[PDB]
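*Asks:* pasting the first bit of my complex, frame unchanged:
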Amino acid sequence: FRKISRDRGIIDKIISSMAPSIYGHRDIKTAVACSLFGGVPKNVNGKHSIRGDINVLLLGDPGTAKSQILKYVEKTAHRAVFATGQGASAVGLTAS
Amino acid sequence: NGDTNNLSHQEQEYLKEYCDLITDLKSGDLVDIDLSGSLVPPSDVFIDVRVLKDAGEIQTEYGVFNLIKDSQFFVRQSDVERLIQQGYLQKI
Amino acid sequence: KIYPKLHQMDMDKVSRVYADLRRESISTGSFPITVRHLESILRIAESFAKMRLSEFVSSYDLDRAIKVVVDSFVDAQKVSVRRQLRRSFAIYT
Amino acid sequence: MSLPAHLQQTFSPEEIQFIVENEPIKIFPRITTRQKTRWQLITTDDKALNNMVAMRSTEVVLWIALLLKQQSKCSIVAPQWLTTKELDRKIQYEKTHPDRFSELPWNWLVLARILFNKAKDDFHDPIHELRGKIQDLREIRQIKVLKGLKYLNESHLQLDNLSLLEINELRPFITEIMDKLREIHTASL
């Protein structure tokens, strides 16, 4: 991992490796990679809490390979949960 | 030894006259004693003091003390008692 | 195992980008812009730094995050004003 | 006014110490002042200081003794009552008689504190043992004081052999309570 990281073009390879079976959408792959890696949460002096996660939304045409991208993200992420529109309740999410 | 806006005019005049009376009392046969002095019995002849507020080379009756802030003296309590009273020095 | 930090960064660049984004987003019906998106720019810079297992965010990562956010904002606009928006924001991207 | 409120009707501990340091004490001079300048004091006697010989018992004032001790020019001879055996005897006397107080010196607490702080190497016995004995004596006397405080009345009251520091500590409460009881009784008539 260290040897791979030392390479200059590591970010480009990482982006290209996101869902290799999807032809293009290099803007939906970059966002997915950024969300997967995420940010660093911060707690300033113990009083201020700042979120350290990245949320992504895909608003597109019916056949532009969005569900496949979500499935790939589910496979790659360490802990992932998949839910459908109407298949999810207000307390099925969150806690009940 | 011998703000005012809270006081009334009568109280201010009373305070001035009382200070004058105290000075007159100190000017009498009790000149050797300093009536307006410390009421804590003397315990140690020599003490360590520390300068709290910067001031020039103030020439006291006992001697000349160049009160540089943050500087310690090993002197007699009697000599620097007044300076401690006014807050220039500290016993520590 | 990686928690990157920001120590050297162009404050003026990010501030100007945020101000320009707000000014262009004042338009009715546009994509909302708030301090959340400045924090998102910083978060994306942190993520890009993390992708290299680097312990400190570099200027290149911040520039890439700025480009990503500005490109998304530009693409979110309408056809008529997209050309003007892209020309205006060409400096950052 | 001229006198603060906390110095009214009572003495502060510093005043009690000042009173105590006027009493005599025995010392061993480490210099020879006697001839075979001259002290000229106006509050105490200066004959003893002038006729001082090395390693010969002499009597001087406690504050002068402490001043000499600071210069390591005299070793203070501790009081006889400040021995472990004598303190143990006093503790036994206190325990056997729950109604009276032991005949300790009127300045035992103040003198003990002064000597412990200023003259630590002069004592023949370990300091910690003396501290423990003094603490035990103090607690026993405190128990006796608490038991005896239940008899406050409009008439007189007797507290024999009670030391100066304890009387100074108890003066406010005892005096005020007895004054109020006397006031109530006088109003009753």
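*Replies:* Nice, thanks for sending it over. Numbering: from 1, shown residues only, chains lettered A, B, ... in the order given.
*Asks:* and the residue nearest the centre of chain C?
*Replies:* With distances taken as Cα atoms, centre = their mean, residue C:66 lies nearest the centre of chain C, 2.9 Å away.
*Asks:* the closest residue to chain C within chain B: how many residues sit nearby?
*Replies:* Residue nearest to chain C within chain B (Cβ to the nearest Cβ): residue B:70, separated by 35.9 Å. No exception for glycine: its C-beta is placed from N, CA and C like everyone else's. Using other Cβ atoms under 10 Å in any protein chain shown, residue B:70 has 8 other residues around it.
*Asks:* now it. Nearest residue, chain neighbours left out?
*Replies:* Leaving aside its chain neighbours, residue B:70 sits nearest to residue B:51 (6.4 Å; criterion: Cβ to Cβ, 6 or more residues apart in numbering or on different chains).
*Asks:* quick check: beta-bridge partners of that neighbour?
*Replies:* Residue B:51 has these beta-bridge partners by DSSP bridges: residue B:89.
*Asks:* can you check residue C:5 too?
*Replies:* With beta bridges defined as DSSP bridges, residue C:5 has these partners: residue C:56.
*Asks:* name the nearest residue to residue D:165, sequence neighbours excluded.
*Replies:* Excluding the flanking residues, the one nearest residue D:165 by Cβ to Cβ, 6+ apart is residue D:109, at 4.6 Å.
*Asks:* tell me which element that neighbour falls in.
*Replies:* When secondary structure is defined by DSSP states H and E, residue D:109 falls within helix D:108-118.
*Asks:* and that helix, what does it pack against?
*Replies:* Contacts defined by 3 or more Cβ pairs under 8 Å, 6 or more residues apart in numbering or on different chains; DSSP states H and E place helix D:108-118 against helix D:13-20, helix D:62-70, helix D:127-148, helix D:164-188.
*Asks:* gap between that helix and the chain center?
*Replies:* 8 Å (Cα atoms, centre = their mean, to the nearest Å).
*Asks:* quick one: that helix to helix D:62-70, angle?
*Replies:* Inter-element angle recorded for helix D:108-118 and helix D:62-70: 20 degrees (by axes from the mean of the first three to the mean of the last three Cα atoms, to 10 degrees).
*Asks:* who's in contact with helix D:108-118?
*Replies:* D:16-17, D:20-21, D:62, D:66, D:69-70, D:76, D:78-79, D:81-82, D:105, D:122-123, D:127, D:130-131, D:134, D:138, D:163-166 (Cβ atoms under 8 Å, 6 or more residues apart in numbering or on different chains).
*Asks:* just stretch B:50-57 next, same as before
*Replies:* With Cβ under 8 Å, 6+ apart, stretch B:50-57 has contacts from B:64-73, B:87-90, B:92.
*Asks:* run a quick neighbour tally on whatever residue of chain A ends up closest to chain B.
*Replies:* As assessed by Cβ to the nearest Cβ, chain B sits closest to residue A:45 within chain A, at 31.6 Å. Here the number of neighbours of residue A:45 (other Cβ under 10 Å) works out to 5.
*Asks:* kindly incorporate the sequence below as chain E:
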Amino acid sequence: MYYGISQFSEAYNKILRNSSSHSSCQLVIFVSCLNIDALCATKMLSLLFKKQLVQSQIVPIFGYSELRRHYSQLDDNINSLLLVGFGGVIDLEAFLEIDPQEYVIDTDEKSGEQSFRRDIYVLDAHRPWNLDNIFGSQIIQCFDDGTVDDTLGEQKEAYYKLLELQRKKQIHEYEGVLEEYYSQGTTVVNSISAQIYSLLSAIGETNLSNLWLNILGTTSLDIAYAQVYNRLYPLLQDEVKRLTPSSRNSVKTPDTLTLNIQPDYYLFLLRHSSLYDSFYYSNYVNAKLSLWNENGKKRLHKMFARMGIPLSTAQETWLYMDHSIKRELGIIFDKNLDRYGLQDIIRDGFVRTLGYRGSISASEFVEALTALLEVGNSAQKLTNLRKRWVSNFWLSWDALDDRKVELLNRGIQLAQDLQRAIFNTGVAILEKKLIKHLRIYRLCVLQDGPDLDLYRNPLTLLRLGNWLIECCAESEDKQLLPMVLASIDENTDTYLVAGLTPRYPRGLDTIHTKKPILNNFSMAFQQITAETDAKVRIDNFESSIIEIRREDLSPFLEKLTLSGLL
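*Replies:* Just below you will find chain E, in place on the chains above:
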């Protein structure tokens, strides 16, 4: 003139004779504000003068400008002046505008000597001595440790012949030898507290408190000048043996005071933190394991696992750690430290205990004092900062008393925090590879750190410099090179450049390691400042630390590289 080792008693008697009158005070002591050794020496002197009822004033001082100001402000009733911790290298007569004629009182033709109202005593451990103060001047008296008689006979002869004067060739030879003597750098040769203790032993006022202060003063030099500490250690051992009661069978009492030579360790605050923290925040351990990256942490975890100490147990505080492991620690270290190259952690130190209180070692006490000195709590801001440091001096002074233990605990906590901050800064420096390597010297410049404010104090900068010197430089088998460390403060827009001498690998006795390494940066900095025009400040007592304007650092470093006198 100078006083030999045996003349300390005579100098003390002279001070007693002149500056002693209950009517008024006539003794003033000037102390370096940011030197622990000077602090301890002045504490010893203060106690000694309190014993004899000598009226005195103690004035902390930072830099030569403040020395000049305070000396100009001195009264005429000061018969004797004490310069503790500085003044050896500079010409006090020339610097202070002291004209002997205006200071004389009486002159006797028969005696051939002149009496002066004011006398100046110099207690400086730095070298080389300024021959003007040693062999030329009479008002300036220097407390020499024997160096002048041991090695300065030839320079003495040369200077005397120069004063006494075909003759051009002889003058050339004498001035050449004088210049060669003056061309060397500056180092520390001895501890001033050791000289004060020698004086006390001469006049027979040595006790356990004086010995403790001497130990603290001597061990303050262990971090930088280990050769001096090694030279002075046997005497401290012998003195501790002499002053310790023969019988220790008596049970502990509330007033018992112990001073033992117990095995100490090159760990950071072992007795007031956790063992894991002690190994983590130690300069030597980090140098020998590279704890600034993940590999070092993994190696430390592996070491702790092989020693048999659970990670939870190791992170437990010292007081509540399992007693079996605490008792076995010596054996455990004896058998396991050699594997990871930490064989040098084993050492013998001085540990002081009070009845029913915790035990603290000399190194931990010095660390607490230094932490209190550092973080305890245009020209106007500089003056305010130096005033704050002068104030911190008194917190450090108070911490030396046994009644003020809360100050010592606060200093320990501040030391922990400061070490954590320095570790973070060093991690940032090393990860970014900011240490540029030039053939003549190394360079490291801080510009946008997270804790830049902490490094305005010279002591914190020196701490960071030592951390960096031990780590990745003392090791790696790299040729010794002086290091340049610079920091920036935005509130004033100026730099704080500090030259640092290289160090040999710790605990490696060798003929070349026996020889010392001199600090030549003062001479080069002075020459560059005189030749260049950048408004540089050399007012600090430690001549290697200077303040540089924001713009001029690049030309200054160019000239430094081109000079080749480092």
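*Asks:* ok chain E is in now, so what about the neighbour count of residue B:70?
*Replies:* With other Cβ under 10 Å as criterion, residue B:70 counts 20.
*Asks:* how about it, what does it touch?
*Replies:* B:50, B:51, E:60, E:387, E:390, E:391, E:393, E:394.
*Asks:* okay, and the fifth one sits in which element?
*Replies:* Take DSSP H and E as the rule and residue E:390 turns out to sit in helix E:379-399.
*Asks:* just how off-centre is that helix within its chain?
*Replies:* 18 Å.
*Asks:* what of stretch D:58-78?
*Replies:* Going by Cα atoms, centre = their mean, where stretch D:58-78 is centred and where its chain is centred differ by 17 Å.
*Asks:* kindly report the same for stretch E:359-376.
*Replies:* Distance of stretch E:359-376 from the chain centroid (Cα atoms, centre = their mean) equals 13 Å.
*Asks:* name the residues of that stretch that are buried.
*Replies:* E:360-376 (16 or more other Cβ atoms under 10 Å in any protein chain shown).
*Asks:* please flag which of the residues you listed sit within strands.
*Replies:* E:360, E:361 (DSSP state E).
*Asks:* now whatever residue of chain C ends up closest to chain E: how far from residue E:433?
*Replies:* Using Cβ to the nearest Cβ, the closest approach of chain C to chain E is made by residue C:8 at 4.4 Å. Separation of residue C:8 from residue E:433 (Cβ to Cβ, to the nearest Å): 14 Å.
*Asks:* so between these two, which is more surrounded?
*Replies:* The neighbour comparison of residue C:8 against residue E:433 (other Cβ under 10 Å) goes to residue C:8, with 13 against 8.
*Asks:* give me the element the residue nearest to the centre of chain C is part of.
*Replies:* Counting by DSSP H and E, residue C:66 is part of helix C:59-75.
*Asks:* need the CA coordinates for that helix. CSV is fine.
*Replies:* Once non-C-alpha atoms are left out, helix C:59-75 reads as follows in CSV (Å, rounded to 0.1, in the frame of the first residue of the first chain):
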residue,chain,number,x,y,z
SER,C,59,-2.2,22.6,-2.5
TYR,C,60,-2.9,20.3,-5.4
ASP,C,61,-5.5,18.5,-3.4
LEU,C,62,-7.2,21.7,-2.5
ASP,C,63,-7.2,22.8,-6.1
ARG,C,64,-8.7,19.5,-7.2
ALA,C,65,-11.5,19.8,-4.6
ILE,C,66,-12.2,23.4,-5.7
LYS,C,67,-12.3,22.2,-9.4
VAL,C,68,-14.7,19.4,-8.5
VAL,C,69,-17.1,21.7,-6.6
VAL,C,70,-17.0,24.5,-9.2
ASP,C,71,-17.6,22.0,-12.0
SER,C,72,-20.5,20.5,-10.2
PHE,C,73,-22.0,23.9,-9.6
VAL,C,74,-21.5,25.0,-13.2
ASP,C,75,-23.0,21.8,-14.6
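*Asks:* let's bring in chain F now:
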Amino acid sequence: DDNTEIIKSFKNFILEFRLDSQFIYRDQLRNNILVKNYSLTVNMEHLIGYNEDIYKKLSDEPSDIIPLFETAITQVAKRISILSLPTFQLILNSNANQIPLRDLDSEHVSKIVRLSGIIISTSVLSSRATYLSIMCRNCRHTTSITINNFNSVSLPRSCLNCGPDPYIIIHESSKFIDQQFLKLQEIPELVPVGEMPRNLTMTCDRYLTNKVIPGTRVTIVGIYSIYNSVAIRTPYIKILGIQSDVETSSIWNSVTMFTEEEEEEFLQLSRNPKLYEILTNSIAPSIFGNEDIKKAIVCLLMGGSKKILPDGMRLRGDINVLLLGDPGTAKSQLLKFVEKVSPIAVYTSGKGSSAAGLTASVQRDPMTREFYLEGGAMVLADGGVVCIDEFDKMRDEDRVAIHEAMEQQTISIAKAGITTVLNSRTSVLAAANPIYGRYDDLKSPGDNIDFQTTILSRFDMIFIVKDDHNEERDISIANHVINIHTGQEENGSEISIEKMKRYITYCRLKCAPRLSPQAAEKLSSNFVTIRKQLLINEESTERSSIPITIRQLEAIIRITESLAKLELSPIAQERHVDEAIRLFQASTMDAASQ
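*Replies:* The block that follows adds chain F to the chains above:
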């Protein structure tokens, strides 16, 4: 044998310890005995310093060694107090590393551990047996038993012919002590990934009872023991010492606990000529601007004064604040900070709330089959602040349950045969968004607010925060946030959270100012002017959605009284009236005019 030696060692430690010239524990024991406080607090560092062997013995077998220490303490107390007294209690203090609540396992069985958590439930005091008097049924043999509360005891199985278990306890001659049960949860920040918070059963005795209230973080020192309710044991904690950051004794009693050194620190702070600015700057230091909202939060924290009239009528003294604004205004962060700083506070989400959640719930006991009442956020946050985030998300049904709580400060329950009136004296700080997510100036205010006037009238101050895109303010906020991300005045311009909380408690428990006649006259004039302006501002198309009733006059009076209380001033003058009027104009009239 060995027990006597252990007792002697403990007695020697008590009677011989000293760090300078005061016997700390001897004097402490005497002082405690003087005020009928039969206990003794021992710092474990001192025990380690005196003798490490004693500490080793105590740590090895706490359940068997602590009773000996209590016996030694009792003997020393009898020696020191009686001139020739139940068993004394030992309370321990330690600085050992805190073990996470979830890390407690088999390895920590029967050992002294330190941990911190949140108390979620407390039980009713029970009665334990210490001295039992027993008698045999057949031969009537009198006997006694002495019981210690530390569990590794029963009535004799054989008399001293008599059948098994022949002894019967005589009650009138026995002595009992107090016992309580607590439920301790783990801190939310310490919970592992994707796990529910864990509960732990704990017990306290005698002087450690009635020391904590539900919802307060505490630190506990105790023994990790087990009790058999077949191859398993139920874990529990035997409390030996409780340390909390909230003075619960001074909250539930009119009595106030503050050291003389504290009282004089809070007086000096109050004497500061500009304490208002310091407190305004001390709230949400990481949030830029919003000065008026910070002042409103200060007023809400301080609160007003409550008056009970001779006729029985009671007047509310709590201040409620509503924040209706656009996204990114930092309302939720302000709510979180308020929850953090207030002595008592509960942070709740409107979405994730219910009618029974936020008031009280009828719950049936599984065993007794009897119905009891549990408490909700407005009972758990009694005497504090309730931060109702996402106020708009709340269902109507749920919402409607809040009215009496806010106004009458009581909860009325008539369910499952339970008829009671609970007490809920709380302040509500709510945040919400408009109907469309932004305050569209094109549409009327009525269309931007779905809140009925009844709920809105109860809020003393309503803040309509609109995000305006100004280049200068945007640049300033960006710079502030960047400095926050990349990055301690404490020079009298700001005080930490702990000091502010303590000062709030002191001010609430100490001062309750009153209005002067000039203040009343000015307030009446302003109320008349405001009502006249509202009447004028009305348009024929719609009636004012933001109301102005007598409740607003009461709210302004409360704000003035809180401002006066801020400085510990017994009387409120026109100077505070002006500030209260300015705040009302800046928030409520500002919302209404639009």
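*Asks:* in light of the added chain F, please revisit the nearest residue to residue B:70.
*Replies:* Nearest non-adjacent residue to residue B:70, counting by Cβ to Cβ, 6+ apart: residue E:390, 4.9 Å away.
*Asks:* let's verify residue E:546: helix, strand, or coil?
*Replies:* Assigned by DSSP: H, G, I helix; E, B strand; the rest coil, the conformation of residue E:546 is strand.
*Asks:* beta partners of it?
*Replies:* residue E:497.
*Asks:* give me the neighbour count for it.
*Replies:* For residue E:546, using other Cβ under 10 Å, the count is 24.
*Asks:* residues near residue 6, how many?
*Replies:* No chain specified, so I'll use chain A. Counted with other Cβ under 10 Å, the neighbours of residue A:6 add up to 10.
*Asks:* switch to chain F, please.
*Replies:* Neighbours of residue F:6 (other Cβ under 10 Å): 19.
*Asks:* where's it, which helix or strand?
*Replies:* Residue-wise, residue F:6 maps onto helix F:2-16 under DSSP H and E.
*Asks:* that helix packs against which elements?
*Replies:* helix F:24-34, helix F:44-50, helix F:52-60, helix F:62-81.
*Asks:* what do you get if the cut-off is 6 Å, keeping everything else the same?
*Replies:* helix F:62-81 (3 or more Cβ pairs under 6 Å, 6 or more residues apart in numbering or on different chains; DSSP states H and E).
*Asks:* mind giving me the packing neighbours of the helix it packs on?
*Replies:* Judged by 3+ Cβ pairs under 6 Å, 6+ apart, helix F:62-81 is in contact with helix F:2-16, helix F:24-34, strand F:89-93.
*Asks:* would you reformat those as a markdown table and include distance to residue E:473?
*Replies:* As requested, the helices and strands packed on helix F:62-81 are exported to a markdown table (distance: least, Cβ to Cβ, whole Å):
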| stretch | distance to residue E:473 |
| --- | --- |
| helix F:2-16 | 52 |
| helix F:24-34 | 50 |
| strand F:89-93 | 46 |
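*Asks:* out of these, which is closest to residue E:85?
*Replies:* helix F:24-34 (40.3 Å; Cβ to Cβ).
*Asks:* report the angle between the closest one and helix F:62-81.
*Replies:* Going by the same axes, to 10 degrees, helix F:24-34 makes 70 degrees with helix F:62-81.
*Asks:* touching helix F:24-34 from outside, list them.
*Replies:* For helix F:24-34, contacts defined as Cβ atoms under 6 Å, 6 or more residues apart in numbering or on different chains pick out F:14, F:17, F:40, F:77, F:80, F:81.
*Asks:* among those residues, which ones are buried?
*Replies:* F:14, F:17, F:40, F:77, F:80, F:81.
*Asks:* what's the most distant pair in those?
*Replies:* Across the buried ones among the contacts of helix F:24-34 (Cβ to Cβ), the longest gap, 18.5 Å, separates F:17 and F:81.
*Asks:* hang on, residue F:283 packs against residue F:293?
*Replies:* No: if you go by Cβ atoms under 6 Å, residue F:283 and residue F:293 don't touch, sitting 9.1 Å apart.
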